[PDB]
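Have a look at the structure below, then the notes.
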Amino acid sequence: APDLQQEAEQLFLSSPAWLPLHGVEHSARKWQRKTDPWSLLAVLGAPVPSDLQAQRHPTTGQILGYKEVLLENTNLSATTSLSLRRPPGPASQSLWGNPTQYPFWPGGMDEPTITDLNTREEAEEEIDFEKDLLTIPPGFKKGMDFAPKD
Amino acid sequence: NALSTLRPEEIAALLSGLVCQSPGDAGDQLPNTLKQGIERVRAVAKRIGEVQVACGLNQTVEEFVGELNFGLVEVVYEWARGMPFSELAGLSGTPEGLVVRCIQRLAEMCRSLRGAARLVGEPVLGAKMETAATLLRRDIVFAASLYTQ
Amino acid sequence: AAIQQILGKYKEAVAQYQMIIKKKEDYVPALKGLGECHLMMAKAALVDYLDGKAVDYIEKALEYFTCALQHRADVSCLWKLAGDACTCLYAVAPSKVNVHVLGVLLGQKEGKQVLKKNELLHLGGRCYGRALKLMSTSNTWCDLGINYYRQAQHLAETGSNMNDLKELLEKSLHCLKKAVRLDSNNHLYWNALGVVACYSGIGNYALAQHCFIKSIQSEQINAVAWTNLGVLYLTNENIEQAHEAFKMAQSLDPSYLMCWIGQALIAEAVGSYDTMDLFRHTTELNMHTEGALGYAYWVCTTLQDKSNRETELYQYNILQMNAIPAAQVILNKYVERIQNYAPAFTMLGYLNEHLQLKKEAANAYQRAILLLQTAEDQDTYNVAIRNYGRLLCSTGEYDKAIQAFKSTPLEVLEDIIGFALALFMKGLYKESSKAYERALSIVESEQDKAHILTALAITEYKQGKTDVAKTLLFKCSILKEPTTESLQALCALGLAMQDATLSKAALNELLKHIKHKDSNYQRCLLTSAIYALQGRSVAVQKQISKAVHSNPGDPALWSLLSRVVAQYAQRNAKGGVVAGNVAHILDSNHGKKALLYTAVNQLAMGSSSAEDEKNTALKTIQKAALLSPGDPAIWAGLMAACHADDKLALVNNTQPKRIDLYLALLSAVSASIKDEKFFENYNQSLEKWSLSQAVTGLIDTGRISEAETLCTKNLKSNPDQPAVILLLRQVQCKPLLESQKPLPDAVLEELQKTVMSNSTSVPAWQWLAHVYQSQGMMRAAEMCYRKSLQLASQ
Amino acid sequence: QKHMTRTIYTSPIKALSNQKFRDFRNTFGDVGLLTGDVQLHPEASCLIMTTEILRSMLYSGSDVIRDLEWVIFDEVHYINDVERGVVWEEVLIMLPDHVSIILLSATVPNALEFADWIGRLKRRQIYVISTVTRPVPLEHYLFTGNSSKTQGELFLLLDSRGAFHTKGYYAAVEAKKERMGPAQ
Amino acid sequence: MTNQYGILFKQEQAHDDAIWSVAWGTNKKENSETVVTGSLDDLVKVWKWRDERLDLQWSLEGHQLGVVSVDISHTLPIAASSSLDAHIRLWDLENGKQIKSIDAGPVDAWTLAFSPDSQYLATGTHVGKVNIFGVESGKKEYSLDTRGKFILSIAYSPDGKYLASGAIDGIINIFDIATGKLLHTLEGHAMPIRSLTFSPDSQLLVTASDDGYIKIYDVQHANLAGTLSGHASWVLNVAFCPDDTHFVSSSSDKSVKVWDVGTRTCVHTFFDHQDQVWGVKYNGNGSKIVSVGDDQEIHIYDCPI
Amino acid sequence: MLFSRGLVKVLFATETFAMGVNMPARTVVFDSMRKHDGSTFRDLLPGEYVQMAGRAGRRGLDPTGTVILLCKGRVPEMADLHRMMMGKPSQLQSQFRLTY
RNA sequence: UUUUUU
């Protein structure tokens, strides 16, 4: 090791950097805060309504060709539907202890009775988008009054 | 705000009062923080039993609060520092199976609270329950079963 | 493969699809599956802020989709998936998007093309339109509307235009309204209409509220719609009702990110106490931009306030939740996503500075400099220059630091002080002195005045002029209260001149009224150096022993005691070994020096043990070499240990081992010295000792020729120095006198003459006396030994 | 295992479902175990669980229920417990219809008023099988100390044919009378 | 919710002094499972994990000082070792006898690493370079250069085309083997690195410095994906699992942690050693971990898949 | 695991061995008739006794199995021995209740 | 004074 005297001289008289005058503190810097809550708006996309399913020769079935057909059980989710047609799940997931997920139907219960027969494809109902706008959220007492846009 | 403001080696001893299933008593040689946290926990239980009995339920406040039976607070508090089992065996009069069972039933609850503090939005309880769990399982209390391996 | 894709597990599905494709190449369903897997991988990549991986994945997905569309281009789902792929790269920081599209997609099939962002989004719109042409469903209508929305958003966000994108927005509204009327029982279409309707270009809030309410009525389990109402109310100064909407949203889905961020924003607005924790929770869930900036802001603000460091806010949260590293990672991701905002860069520089990552801090400040060239406020540009220059000076490149400090008005204390230090670092001591004086003029907060006086003393001392430095340091002492830094500098200044008069006075002054200093190692070092100055050389060790008695903790003190016993009074070798061992035990990071010193003490001791393995000098020096292979002392210690082990084995008479490594160790010593900043005298001494030891070791083992060539090369480097020439004489005269021979008085006289050249060295005299004894001139040997004794005693 | 489906074996006692794990893994293939702390192989086709875990993954979906064929309720006479009998009925109610049930028991009298409840709670017929006459029958003796040095006399009070013997009781009581804490 | 981790075997005193490195190799096509360890001795003992226990097979030795790094090959039966002895002698592993000996001092080699095809055996020097020798074909065809400091860690990507190098003072350099050109230099930590590892498929590079943190970079860009801080002292090794989901780290605080890269959290900690743990590795289909420590012991754990 | 290979010869078990494990043995010997439950000091109900007694015979290694009662304090009081040693085990009740 | 599980 070096001798004590030069060790001390290097430690103190080598340069003025070691002084508290030149440290990382001793500036008292400030920053300004700028929030942006419009970034929070989220729009999700619709699923694909087609699958390209195979064909089967009516006798001794063989795949003649692949034809596209319409899927039927979309818009069903694991947290809003309780049937064995809903999408599998989020991912590999905790086996138990999961709120926000639905059990399957309990076996003594079927609970399916509805037809709702419109089945149109050009079913545009002519909704009015500016006549009478509903301004009360479900559960509140009052909404907010925005000025009409001309 | 009962549990949030304690050390991680104290929240485990405070929560040991829900699990022990052993003859119970209070203590003397206990810190002040534990001896006051026990009172806070007992007050929260008293409030819950008081809103239970004032509705039509038939379970008296005393019967609800009597499930809280501390008496392993000191033993768990000493266990979660690095103290080996032998000194615990000397410490107090409970059979050494009923102690390993209580510690095993506490390290499995201080891990579902890690899951619930992340759900409420309490990141300081999550970081204390994820410590009080890793310091609680080290030795023959958690020896692997012969059958399993 | 399809089943594996359904359940996640994208890599296995990709491998299976590729195995299928190798056999058959035109199999459309396999191609479609491969494209879909890559698209999903890209979206997962964009959830973490990895924007390069996503671009790669989408490029590959487009490859597969065009390959599939070549065979059957009548199917609709393929075109829709192509449009999905093209439009999922919004908000990916353009100049990061260059996509190698090829073939049918751009109408005619020519070669390849590299597309930028706007072009990619436009191609996406074309793909959805073409898919919709041949199968008119609602989902494609809604997706086309969203794509037009993204195109308008990109045009506005680059400030390229405004009011010349109106037709694009009206087209988007037309498509979205068509989708809603085609099936008015789907929460998705109403929600998409609501989001688009409140875009800054349209600004129809009544329709937006109506759309969000309709979406909620359609499906009660809807966090997205509730959070969208919360945002709408929050921006129009309605904190209470927005708070209610956010509360409903998180009640329905506790792990949705936007609602938690909204709660944090509301807590910040009304000035609550759990806003920092809310931002931390947001960071822990997943990486959003707004939560990232909020958490970083709060971490920096907490670091500024210096009344914290007992609070259990600073201590627990910051130092046991690792807030600083978490904030740094968060800011890196944010900055790569956004990259046109300066405060983010300055906070990143500050955090990097606290992690002592100085190069990265310089880069951050540099980018902030580039952004801030033109702005309404010039104060932030000057502060950025000061910080960048200061960090640049901290790690080499002094000229760049000087240039950076040039481009600012040097009128505030910070700029002048930084300029002075950069100037001093480069050289130019007079310039630094002038700058420090100029800074001294405009000074408040007398602590800084004392520090500037101390800096003045140091800088002029460098030139010489110790008298003026001394008077200036006394002038600093005349201030109301000393600073414990002027006193230490005064002691060191006294030590630089070999006079203990003022050093003792300064030390007594330092001890007298200063207790708030908490180093406790520096005072001991100064006290010991003062005692050594007077040549006492036993008191030194006694003084350090006193210091260790006071504070039996403090590994540093134990390590220093071991070092001093090795250097001064090496007759307590055993005690030194114990002290080094204690220092090493009482921590781990003092391993390096403590092991070096205990090894040297063990060398001095000899072999005074029970001939026990695993604790000899060789083992400890090897342990130290594994810990820190950087200093040259460990390698020199290794050379000494090998030689000593050979002699001990020879005494025990079993076998010499560890024979030929001296040349490699010498190379290691020189290479290691080359990178040490400055202890010049010590480095020169170390190199000289190592050279001598290597030559002697080579002579002993028996490789005479290598010793000769090494010595000759050293003399060929520089003119003669009377030390190495003695080494050359020794290597020369080894073969002769190994076999009996008489030597001629000419050679013998020459050797004697060479020895007088380098006097004041007892070894040399002993070796010459051995030569005389070998030939046999006994009385002459006696005289040479007598000279060595006289020299040693003096 | 022959049909590629999955099966759940559920036992109430934490220590009883460990050697069952050992014996089912030694006898055939893959057998996962799930308990309060153990989680060996939650991907096998013979998961062994305590009923409070199946009751907890019936309330959510858990996507294991999609592959079941059999649920082997092991000790179904714990329905009579006072603090845990509600678990067995939350499970037997919430089970979907495509999952067949096996109920091992311990010779209760009203087995047809319980299988009838499960038969019309679901809408499937349930077959009741009941046995008697266990192998290796057992003779219930009575040992009262006498001539403790070597001699030991055992009085028979119940035999391998179910016939109660009052003779053995009288002989035992009289020997006790003639003979008439840790040291004994 | 975590899996069932635990010890299977514990060799009581393998060597006579500290054990400084370990390599686990499933070299042969059959089930061989050979473990090679080097210590503060000359010994380079070659163990075999046969069915449920380690049986010592070779005790081969030719070194003069302590061994600082050992390595094994996946194709051939072969091994290499370097020491403070200034020699890189490479063994045979079948008859237990030395094959070659390469002269190289602390200015020519510190730590070993074979190629993916077991052909080149790169090492890190003192003056900053990386020296690539040639096994079975002589010595020192070429050296990659990074203008830096002493270099401690060397890693090869499993698929080839990447070589990474940590150094004293922190900086990290990534080369591509195809052309030998520096891709990019990370600034990383502020204290020595002394361990690096790629992931299978080579898209994730994991460092472990001297200050306690474990950076997780991302290759083909400069993105870092997080900082893992759960140790209480230096970190001395990181080994990445055969499936790209976990990795194991041994620190100088007597503890072996198992992380997972999906959520960047510590699943299980092993508290079984009694002194600094200098080496951790996986095996083949990663389901067991070997850990050699400062106290002379060899632990083998059980990490079920 | 040492009782399932016959390397241990006498086991001083309690009810935890009667329920939680299987491990058949040759001769089961009781020690009393009444076990405490909840401040009651009740005697063995027919359902319990059958289980512990039932794991007495082994499989093909012996003709029968002997269950030894070990009355020491007073007379066995055969009246309660009748209802304990033979008796309908228990009906199958339903402890349904509401939890939160 | 027996026994127990998320």
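Labels used: A, B, ... for chains in the order of the structure tokens, numbers from 1 for residues in each chain, and numbers from 1 for ligands as shown.
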>> as number ranges by chain, please: every residue in segment 8-135 of chain A that a backbone DSSP assignment puts in strand (DSSP E or B).
In response: A: 53-54, 66-67
>> as a PyMOL selection string, could you give me every residue of chain F near chain B (at most 12 Å apart, counting only C-alpha atoms)?
In response: chain F and resi 1-2+98
> Of the residues E:203, E:153, E:227, E:276, which is the one nearest to chain C, using only C-alpha atoms?
Replying inline: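 Looking at the shortest contact to chain C, the residue is E:227.
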>> Counting only C-alpha atoms (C1' of nucleotides), a student should be able to say which residues of chain F come within 10 Å of chain G; what is the right answer, written as a list in words?
In response: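 Using only C-alpha atoms (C1' of nucleotides), chain F residues at most 10 Å from chain G: residues 14, 15, 16, 19, 34, 35, 36, 37, 38, 39, 40 and 41 of chain F.
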Let me see the file: selected residues, C-alpha atoms, as a PDB file, in the first residue's frame.
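The result, written out as selection_24.pdb:
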```pdb
ATOM      1  CA  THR F  14     -54.708 -42.874  18.675  1.00  0.00           C
ATOM      2  CA  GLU F  15     -57.754 -41.999  16.564  1.00  0.00           C
ATOM      3  CA  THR F  16     -55.621 -40.097  14.069  1.00  0.00           C
ATOM      4  CA  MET F  19     -59.039 -42.274  10.423  1.00  0.00           C
ATOM      5  CA  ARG F  34     -65.453 -43.146  26.759  1.00  0.00           C
ATOM      6  CA  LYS F  35     -63.722 -40.343  24.851  1.00  0.00           C
ATOM      7  CA  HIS F  36     -64.251 -36.660  25.519  1.00  0.00           C
ATOM      8  CA  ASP F  37     -65.678 -34.514  22.754  1.00  0.00           C
ATOM      9  CA  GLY F  38     -67.059 -31.124  23.783  1.00  0.00           C
ATOM     10  CA  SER F  39     -67.481 -30.854  27.564  1.00  0.00           C
ATOM     11  CA  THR F  40     -69.430 -34.109  27.522  1.00  0.00           C
ATOM     12  CA  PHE F  41     -67.268 -37.122  28.483  1.00  0.00           C
TER      13      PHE F  41
END
```
>> Distance limit 12 Å, atoms considered: only C-alpha atoms (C1' of nucleotides). Which chain B residues sit that close to chain G? Return them as a PyMOL selection string.
In response: chain B and resi 19+21+101+105+108-109+112
> Near segment 702-704 of chain C, counting only C-alpha atoms (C1' of nucleotides), which residues have an atom at most 10 Å away, once you skip same-chain residues fewer than 2 positions from it, shown as a ChimeraX atom specification?
Replying inline: /C:659-660,695-700,706-709,731-732,734-735
Write to file, as a compact mmCIF listing (two decimals), in the first residue's frame, the residues of the selection just made, with N, CA, C and O atoms.
```
# COMPACT_ATOMS: atom_id res chain seq x y z
N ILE C 659 6.38 -24.27 -10.33
CA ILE C 659 7.73 -23.89 -10.73
C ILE C 659 7.80 -22.66 -11.63
O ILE C 659 8.44 -21.67 -11.27
N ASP C 660 7.16 -22.69 -12.79
CA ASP C 660 7.42 -21.67 -13.81
C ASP C 660 6.17 -20.87 -14.13
O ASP C 660 5.40 -21.22 -15.03
N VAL C 695 13.38 -11.91 -11.80
CA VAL C 695 14.72 -12.35 -12.21
C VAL C 695 15.29 -13.35 -11.21
O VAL C 695 15.83 -14.39 -11.58
N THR C 696 15.17 -13.05 -9.92
CA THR C 696 15.71 -13.96 -8.92
C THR C 696 15.01 -15.32 -8.95
O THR C 696 15.65 -16.36 -8.82
N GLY C 697 13.68 -15.32 -9.11
CA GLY C 697 12.96 -16.58 -9.19
C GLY C 697 13.40 -17.42 -10.37
O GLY C 697 13.57 -18.64 -10.25
N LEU C 698 13.56 -16.79 -11.53
CA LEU C 698 14.01 -17.53 -12.71
C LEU C 698 15.40 -18.10 -12.50
O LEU C 698 15.67 -19.24 -12.90
N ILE C 699 16.28 -17.35 -11.85
CA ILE C 699 17.62 -17.86 -11.56
C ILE C 699 17.55 -19.07 -10.65
O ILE C 699 18.25 -20.06 -10.85
N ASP C 700 16.70 -19.01 -9.62
CA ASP C 700 16.63 -20.11 -8.67
C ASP C 700 16.08 -21.38 -9.31
O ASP C 700 16.66 -22.46 -9.17
N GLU C 706 16.26 -17.13 -19.77
CA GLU C 706 15.14 -16.20 -19.74
C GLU C 706 15.45 -14.99 -18.86
O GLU C 706 15.08 -13.86 -19.20
N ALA C 707 16.12 -15.22 -17.73
CA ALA C 707 16.52 -14.10 -16.89
C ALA C 707 17.44 -13.16 -17.65
O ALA C 707 17.29 -11.93 -17.59
N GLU C 708 18.40 -13.73 -18.40
CA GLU C 708 19.32 -12.90 -19.16
C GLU C 708 18.59 -12.06 -20.19
O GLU C 708 18.84 -10.85 -20.31
N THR C 709 17.71 -12.68 -20.97
CA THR C 709 17.00 -11.91 -22.00
C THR C 709 16.11 -10.83 -21.38
O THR C 709 16.02 -9.72 -21.92
N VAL C 731 22.88 -12.69 -12.89
CA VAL C 731 22.51 -13.75 -13.82
C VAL C 731 23.74 -14.22 -14.60
O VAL C 731 23.89 -15.41 -14.89
N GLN C 732 24.62 -13.28 -14.95
CA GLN C 732 25.85 -13.64 -15.66
C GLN C 732 26.68 -14.61 -14.85
O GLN C 732 27.10 -15.66 -15.35
N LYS C 734 26.16 -16.74 -12.54
CA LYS C 734 25.62 -17.93 -11.90
C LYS C 734 26.24 -19.23 -12.42
O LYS C 734 26.61 -20.08 -11.60
N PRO C 735 26.34 -19.47 -13.75
CA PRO C 735 26.97 -20.71 -14.22
C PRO C 735 28.35 -20.88 -13.62
O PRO C 735 28.65 -21.91 -13.00
```
> Hey, which of A:58, A:88, A:112, A:97 ends up closest to chain C? Count only C-alpha atoms.
Replying inline: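 Using only C-alpha atoms, the shortest distance to chain C belongs to A:88.
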> Could you name the residues that touch segment 285-292 of chain E at 7 Å or less, counting only C-alpha atoms (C1' of nucleotides), but leaving out those on the same chain fewer than 2 positions away, as number ranges by chain?
Replying inline: E: 19, 22, 241-242, 277-283, 297-305
Write a file of the just-selected residues containing N, CA and C atoms, as a CSV table (one decimal), in the first residue's frame.
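result.csv, written as the output of this step:
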```csv
chain,number,residue,atom,x,y,z
E,19,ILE,N,-14.9,-24.6,-3.4
E,19,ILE,CA,-15.2,-25.0,-4.8
E,19,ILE,C,-15.6,-23.8,-5.6
E,22,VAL,N,-18.6,-25.1,-11.4
E,22,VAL,CA,-19.2,-26.4,-11.6
E,22,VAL,C,-19.8,-26.3,-13.0
E,241,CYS,N,-32.9,-21.6,-17.5
E,241,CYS,CA,-33.6,-22.9,-17.6
E,241,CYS,C,-33.7,-23.3,-19.0
E,242,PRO,N,-33.7,-24.7,-19.3
E,242,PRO,CA,-34.0,-25.2,-20.6
E,242,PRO,C,-35.3,-24.7,-21.3
E,277,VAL,N,-22.0,-19.1,-2.2
E,277,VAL,CA,-22.3,-20.1,-3.2
E,277,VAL,C,-21.7,-19.7,-4.5
E,278,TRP,N,-20.7,-20.4,-5.0
E,278,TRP,CA,-20.0,-19.9,-6.2
E,278,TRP,C,-20.5,-20.5,-7.5
E,279,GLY,N,-21.4,-21.5,-7.4
E,279,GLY,CA,-21.9,-22.0,-8.7
E,279,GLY,C,-23.2,-22.7,-8.7
E,280,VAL,N,-24.0,-22.4,-9.7
E,280,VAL,CA,-25.3,-23.1,-9.9
E,280,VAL,C,-25.5,-23.4,-11.4
E,281,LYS,N,-26.1,-24.6,-11.7
E,281,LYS,CA,-26.4,-25.0,-13.0
E,281,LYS,C,-27.7,-25.9,-13.0
E,282,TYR,N,-28.3,-25.9,-14.2
E,282,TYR,CA,-29.3,-26.9,-14.5
E,282,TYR,C,-28.8,-28.1,-15.2
E,283,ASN,N,-29.7,-29.0,-15.6
E,283,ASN,CA,-29.3,-30.3,-16.2
E,283,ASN,C,-30.3,-30.6,-17.4
E,297,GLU,N,-19.1,-28.6,-0.3
E,297,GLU,CA,-20.3,-29.4,-0.4
E,297,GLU,C,-20.9,-29.3,-1.8
E,298,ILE,N,-21.6,-30.3,-2.2
E,298,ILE,CA,-22.3,-30.3,-3.5
E,298,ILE,C,-23.8,-30.6,-3.3
E,299,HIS,N,-24.6,-29.6,-3.5
E,299,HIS,CA,-26.1,-29.8,-3.3
E,299,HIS,C,-26.7,-30.1,-4.7
E,300,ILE,N,-27.7,-31.0,-4.7
E,300,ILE,CA,-28.5,-31.3,-5.9
E,300,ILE,C,-30.0,-31.2,-5.5
E,301,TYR,N,-30.7,-30.3,-6.1
E,301,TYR,CA,-32.0,-30.0,-5.8
E,301,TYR,C,-33.0,-30.6,-6.8
E,302,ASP,N,-34.3,-30.4,-6.6
E,302,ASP,CA,-35.3,-31.0,-7.4
E,302,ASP,C,-36.3,-29.9,-7.7
E,303,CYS,N,-36.3,-29.4,-8.9
E,303,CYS,CA,-37.2,-28.4,-9.5
E,303,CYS,C,-38.1,-29.2,-10.5
E,304,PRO,N,-39.2,-29.6,-10.1
E,304,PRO,CA,-40.1,-30.3,-11.1
E,304,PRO,C,-40.6,-29.4,-12.1
E,305,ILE,N,-40.8,-29.9,-13.4
E,305,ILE,CA,-41.0,-29.1,-14.5
E,305,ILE,C,-42.3,-28.2,-14.4
```
> Counting only C-alpha atoms, which residues from chain A have an atom at most 6 Å from any atom of chain C, and could you show them as a count of residues only?
Replying inline: 19
> Could you pull the residues within 10 Å of residue 262 of chain E, counting only C-alpha atoms (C1' of nucleotides), minus those fewer than 2 positions along the same chain, as a PyMOL selection string?
Replying inline: chain E and resi 244-246+259-260+264-265
Keeping only N, CA, C and O atoms, write those residues as a PDB file, in the first residue's frame.
```
ATOM      1  N   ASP E 244     -37.853 -21.459 -21.525  1.00  0.00           N
ATOM      2  CA  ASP E 244     -37.536 -20.047 -21.324  1.00  0.00           C
ATOM      3  C   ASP E 244     -38.461 -19.408 -20.295  1.00  0.00           C
ATOM      4  O   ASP E 244     -39.144 -18.424 -20.562  1.00  0.00           O
ATOM      5  N   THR E 245     -38.460 -19.950 -19.090  1.00  0.00           N
ATOM      6  CA  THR E 245     -39.406 -19.407 -18.133  1.00  0.00           C
ATOM      7  C   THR E 245     -38.784 -19.096 -16.787  1.00  0.00           C
ATOM      8  O   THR E 245     -39.266 -18.206 -16.089  1.00  0.00           O
ATOM      9  N   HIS E 246     -37.706 -19.775 -16.418  1.00  0.00           N
ATOM     10  CA  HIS E 246     -37.072 -19.504 -15.145  1.00  0.00           C
ATOM     11  C   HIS E 246     -35.570 -19.403 -15.292  1.00  0.00           C
ATOM     12  O   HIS E 246     -34.991 -19.744 -16.321  1.00  0.00           O
ATOM     13  N   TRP E 259     -35.972 -17.497 -10.040  1.00  0.00           N
ATOM     14  CA  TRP E 259     -36.851 -16.485 -10.598  1.00  0.00           C
ATOM     15  C   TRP E 259     -37.600 -17.009 -11.811  1.00  0.00           C
ATOM     16  O   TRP E 259     -37.184 -17.974 -12.453  1.00  0.00           O
ATOM     17  N   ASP E 260     -38.627 -16.266 -12.214  1.00  0.00           N
ATOM     18  CA  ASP E 260     -39.271 -16.476 -13.502  1.00  0.00           C
ATOM     19  C   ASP E 260     -39.410 -15.165 -14.261  1.00  0.00           C
ATOM     20  O   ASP E 260     -39.714 -14.120 -13.688  1.00  0.00           O
ATOM     21  N   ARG E 264     -41.159 -11.500 -13.441  1.00  0.00           N
ATOM     22  CA  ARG E 264     -39.994 -10.953 -12.758  1.00  0.00           C
ATOM     23  C   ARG E 264     -40.159 -10.999 -11.241  1.00  0.00           C
ATOM     24  O   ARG E 264     -40.079  -9.986 -10.554  1.00  0.00           O
ATOM     25  N   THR E 265     -40.352 -12.201 -10.714  1.00  0.00           N
ATOM     26  CA  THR E 265     -40.508 -12.379  -9.279  1.00  0.00           C
ATOM     27  C   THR E 265     -39.827 -13.662  -8.853  1.00  0.00           C
ATOM     28  O   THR E 265     -39.593 -14.562  -9.657  1.00  0.00           O
TER      29      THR E 265
END
```
Taking a cut-off of 10 Å and counting only C-alpha atoms, can you build a table that, for each residue of chain B near chain E, reports the nearest atom pair and how far apart they are in Å (one decimal), sorted by chain then residue number, as a Markdown table?
```
| residue | atom | partner | partner_atom | distance |
| --- | --- | --- | --- | --- |
| B:108 | CA | E:1 | CA | 9.4 |
| B:111 | CA | E:1 | CA | 8.8 |
| B:112 | CA | E:1 | CA | 9.5 |
| B:134 | CA | E:269 | CA | 8.0 |
| B:137 | CA | E:269 | CA | 9.9 |
| B:138 | CA | E:271 | CA | 7.0 |
| B:139 | CA | E:271 | CA | 8.9 |
| B:143 | CA | E:6 | CA | 8.8 |
| B:144 | CA | E:6 | CA | 7.3 |
| B:148 | CA | E:4 | CA | 9.0 |
| B:149 | CA | E:6 | CA | 9.0 |
```
Write out as a compact mmCIF listing (two decimals) with N, CA, C and O atoms, in the first residue's frame every residue belonging to chain D that has an atom at most 7 Å from any atom of chain E, counting only C-alpha atoms.
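Saved file result24.txt follows:
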```txt
# COMPACT_ATOMS: atom_id res chain seq x y z
N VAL D 38 -49.09 -28.55 -0.78
CA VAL D 38 -48.53 -29.32 -1.89
C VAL D 38 -49.23 -28.98 -3.20
O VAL D 38 -50.46 -28.79 -3.21
N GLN D 39 -48.49 -28.87 -4.31
CA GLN D 39 -49.14 -28.70 -5.62
C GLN D 39 -48.47 -29.51 -6.74
O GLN D 39 -48.27 -29.01 -7.85
N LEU D 40 -48.13 -30.77 -6.49
CA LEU D 40 -47.50 -31.64 -7.49
C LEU D 40 -48.29 -31.86 -8.77
O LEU D 40 -49.39 -32.40 -8.74
```
> If you count only C-alpha atoms (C1' of nucleotides), which residues fall within 12 Å of segment 761-766 of chain C, apart from same-chain ones fewer than 4 positions away, as a VMD selection string?
Replying inline: chain C and resid 692 722 to 727 729 to 730 751 to 757 770 to 773 780 to 794
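All residues of protein, DNA or RNA that reach within 8 Å of segment 81-87 of chain A, judged by only C-alpha atoms (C1' of nucleotides) and not counting those fewer than 4 positions away in the chain, are residues 73, 76, 77, 102, 103, 104 and 105 of chain A; 66 of chain D.
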